[PDB]
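# Okay, structure incoming, though there's no sequence with it:
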Ligand SMILES: [Ca+2]
């Protein structure tokens, strides 16, 4: 019986920007995909992948579940996604380049967590600028869903119950980009907030985890902030994972599965790995009693769970 799985999770394909979703007895891990053959020696990202597990050590590869070619209005940049389930359907939020436009958020819909996903037909969020990447979605206890996104500015909308529209009266809301919320740092706002927001609630505390840029630093680390409310005010928490052992990017995804807590992240540790050929990894961790989280070291692998 296999009882351990050594990182990186998947070894025959380069993956990044992990977004776990637990539904019932199964954890589904959605990722971006760094092509084996790079175009112009640079990031080459066309489709999204899904890998599932029932036990954290045996993984099933579902291949491409959605792609830029499935989105009629988008031409480039299959960037960090997140999926969510609601009312018997699965929604995949994907940041992409809108042809002849800026960065927009697509929503794909499927009756299955492993697709194939069908694009809505037009963008869900489309402000005309280049900020709105790396969406994260969470459905709160009161039934209100939120969609956060952005680099270098964190923004959100209130998603409606159908998950394919948002409240246009509230519109797109900007988060104040303060040191109080996101620490001092080297990103465009002068705070450490970078990209890859990951929004959720656990035991009456809300969390915003993100890729971050420290003062005087070039590479991303992972950090987090907290709030008593889903829309703030956000207060800086601390470092969740340092840059050590990583590549220029890191990107967080957190899930509880069968009573255990996991941080998914990425590195360039696969054979032939690099900043453009990444690999998703996972570390188990535990929360402090007061809801804070100590820094998580990079991890050799995880144990089977039941
Ligand atoms: Ca993400």
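Now that the structure is in, tell me what you want to look at. Numbers count the residues shown, from 1 in each chain.

# contacting residues around residue 171?
residue 157 (C-beta atoms under 8 Å, 6 or more residues apart in numbering). For every residue, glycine as well, the C-beta is placed using N, CA and C.

# Am I right that it falls within a helix?
No. Residue 171 sits outside any helix when classified using DSSP: H, G, I helix; E, B strand; the rest coil, being coil.

# Isn't residue 174 up against residue 157?
No. Applying C-beta atoms under 8 Å, one finds residue 174 not in contact with residue 157, separated by 11.2 Å.

# Those two: which is more packed in?
residue 157 (23 against 11; other C-beta atoms under 10 Å).

# what pairs with that one across the strands?
residue 147 (DSSP bridges).

# Just give the closest residue to the closest residue to the ion within the chain, not the sequence neighbours.
At 4.2 Å from the ion, residue 80 is the closest residue in the chain, using C-beta to the ion. Among residues not flanking residue 80 along the chain, residue 17 sits closest, at 3.5 Å (C-beta to C-beta, 6 or more residues apart in numbering).

# How about the contacts made by that neighbour?
Counting by C-beta under 8 Å, 6+ apart, residue 17 has contacts 31-32, 79-81, 134, 196, 251, 253, 266.

# One more: residue 225?
Contacts of residue 225 (C-beta under 8 Å, 6+ apart): 181-182, 207-208, 210, 234-237.

# Start and end of stretch 8-22, how far apart?
20 Å (C-alpha to C-alpha, to the nearest Å).

# Near the ion, which residues of the stretch 101-250 of the chain are found?
residue 196 (C-beta under 5 Å from the ion).

# Recalculate using a threshold of 6 Å.
134, 136, 196, 198 (C-beta under 6 Å from the ion).

# Show me just the buried residues among the residues you listed.
Neighbour-count burial (16 or more other C-beta atoms under 10 Å) is assigned, among those, to 134, 136, 196, 198.

# Save the residues you listed as JSON lines, and put in secondary structure too.
Listed next are those as JSON lines, based on three-state DSSP:
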{"residue": "134", "secondary structure": "coil"}
{"residue": "136", "secondary structure": "strand"}
{"residue": "196", "secondary structure": "strand"}
{"residue": "198", "secondary structure": "strand"}
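
# Out of these, the closest to residue 89 would be?
The nearest member of those to residue 89, counting by C-beta to C-beta, is residue 136 at 18.5 Å.

# how about residue 193, what does it touch?
Contacts of residue 193 (C-beta under 8 Å, 6+ apart): 152, 154, 177, 181-182, 185, 187, 210, 212.

# before we move on, back to that, I'd like the list of the contacts of residue 225 that fall within helices, please.
181-182 (DSSP state H).

# Any quick ChimeraX command for the buried ones out of the contacts of residue 225?
A single ChimeraX command selects the buried members of the contacts of residue 225 (16+ other C-beta under 10 Å):
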select :181,182,207,208,210,234,236,237
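
# now the end-to-end length of stretch 235-250.
22 Å.

# Please read the previous query as pertaining to stretch 182-193.
Per C-alpha to C-alpha, stretch 182-193 runs 6 Å from first to last residue.

# before we move on, what about stretch 228-244?
31 Å.

# Name the residues of that stretch that are buried.
Those would be 230-232, 234, 236-237, 239-243, for stretch 228-244 by 16+ other C-beta under 10 Å.

# Could you do stretch 129-140 as well?
So for stretch 129-140, counting by 16+ other C-beta under 10 Å, buried means 131-139.

# how about the residues you listed in a markdown table, adding distance to residue 217?
Output for those, formatted as a markdown table (distance: C-beta to C-beta, whole Å):
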| residue | distance to residue 217 |
| --- | --- |
| 131 | 22 |
| 132 | 24 |
| 133 | 20 |
| 134 | 19 |
| 135 | 25 |
| 136 | 23 |
| 137 | 29 |
| 138 | 28 |
| 139 | 34 |
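
# can I get those in a markdown table with secondary structure and distance to residue 100?
As requested, these are exported to a markdown table (DSSP: H, G, I helix; E, B strand; the rest coil; distance: C-beta to C-beta, whole Å):
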| residue | secondary structure | distance to residue 100 |
| --- | --- | --- |
| 131 | coil | 18 |
| 132 | coil | 17 |
| 133 | coil | 18 |
| 134 | coil | 22 |
| 135 | coil | 21 |
| 136 | strand | 27 |
| 137 | strand | 27 |
| 138 | strand | 32 |
| 139 | strand | 33 |
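
# just to revisit the earlier point, count the neighbours of the residue of the chain closest to the ion for me.
Around residue 80 there are 29 residues (other C-beta under 10 Å).

# tell me the secondary structure for it?
Going by three-state DSSP: residue 80 is coil.

# Then the one 3 residues further on?
Recorded secondary structure, residue 83: strand (three-state DSSP).

# As JSON lines, the buried ones among the residues of the stretch 101-250 of the chain next to the ion with distance to residue 111 would be great.
Below are those laid out as JSON lines (distance: C-beta to C-beta, whole Å):
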{"residue": "134", "distance to residue 111": "26"}
{"residue": "136", "distance to residue 111": "23"}
{"residue": "196", "distance to residue 111": "28"}
{"residue": "198", "distance to residue 111": "26"}
